[PDB]
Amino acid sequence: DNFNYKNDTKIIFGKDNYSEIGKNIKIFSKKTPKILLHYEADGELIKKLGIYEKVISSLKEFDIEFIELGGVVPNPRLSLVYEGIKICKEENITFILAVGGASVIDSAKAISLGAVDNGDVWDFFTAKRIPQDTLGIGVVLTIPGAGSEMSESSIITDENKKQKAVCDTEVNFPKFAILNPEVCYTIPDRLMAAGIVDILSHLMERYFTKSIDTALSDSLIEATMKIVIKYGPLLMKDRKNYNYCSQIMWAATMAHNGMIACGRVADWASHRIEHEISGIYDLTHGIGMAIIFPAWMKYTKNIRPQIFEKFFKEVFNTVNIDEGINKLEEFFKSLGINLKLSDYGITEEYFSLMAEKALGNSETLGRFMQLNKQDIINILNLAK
């Protein structure tokens, strides 16, 4: 149970600090800076929220020239990376400012790769060549989900082949990421609640593990989880509260940190099951992770019951798995979330279809518990 850890992304955390955009562009861009401002669509949100302008007022404040590129799709297209690469070689862009969420942060990362490369950028997603440099990006995050602002991955889709892929390498690490919890305020309720689940789930998938000798790390993952459990409901009912937003945003960041999860095997079973509820139904990840995970832990409560007893003792102050599973259920409902799939008029109709697609060509699925097709149907019946 050894492990390595790197993460060089600079964290600029806090509020009323919009100068550090400029400052940090100067610090990690060569020569004189000239940047690309990247965002989903035509600035429609970042502008409506007032980030756009205060962004611009930072660049002006620092004599930073800049072209803009827009038109990002929620799952972004190499269509537009080929666009942005042309522009960074054409206009000698020396640095890119991702303003938005993970799917512009993703597109930004892939432009930063090709801006510096001689060949085609797919070869870096194709598993053909391993990029050895990028220009470098700074992110201004508007929504604390998934942590692409601090990761080494980029998730793009080739729509004319519509084969999607990813590229995972230490070059993709942002040079810096601005994190202001104020951006949490304008987020809609059901989307805020699902992002609080994503954080807890990210933590639980690493926590529930067959690994041993993990006490310290157990403690840290417990601490973050417990904070998500305490504050998530408060933020839900006090959306503009900077403190509440700071604990939550900071929790999501730490959840994405391999210092606290350090040499322990993550189980992705709940993720994959949910992936296929979301493939056939219009349903938000986080909401599906609140209906499935309790189903899954109910079905896996016999593998290492001790590590379940521990979980619920540390986090819900109780040694009975049943009582604690229900407290976790109750905590999900305290963020607006109905706990069953029937409640979303999802029926048993495609449980079979979903279970086959989840397993694909494998026979089982999972690490904590190896789960086969009928196992998965049982879990879906538990969550019905």
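The first residue of the shown sequence is 1; numbering continues from there. Here the rigid core means the biggest group of C-alpha atoms that line up within 1.5 Å when the two forms are laid on top of each other.
Greater average departure of CA atoms from the shown form, over structures and residues in 4 other deposited structures of this protein after a core fit, characterises 256-264 among 106-114 and 256-264. Of the two stretches examined, 70-78 and 202-210, the one with higher mean CA deviation in 4 other deposited structures of this protein after a rigid core fit is 70-78. The question of which stretch, 372-380 or 358-366, has the higher mean Cα B factor is settled in favour of 358-366.
When the mean C-alpha temperature factors of 27-35 and 320-328 are read from the deposited coordinates, 27-35 comes out higher. The PDB entry assigns its highest CA temperature factor, among 276, 90, 205, 182, to 90. Taking the deposited Cα B-factors for 353, 341, 335, 51, the highest one is held by 51. Placement of the Cα temperature factor of residue 148 within the chain: middle third of the modelled residues, per the deposited record. Residue-level temperature factors show residue 100 in the highest third of its chain, judged at the C-alpha atom. Sorting the modelled residues of the chain by their CA temperature factor places residue 132 in the highest third. Sorting the modelled residues of the chain by their CA temperature factor places residue 346 in the middle third. Sort the chain's modelled residues by C-alpha temperature factor and residue 161 lands in the highest third, per the entry.
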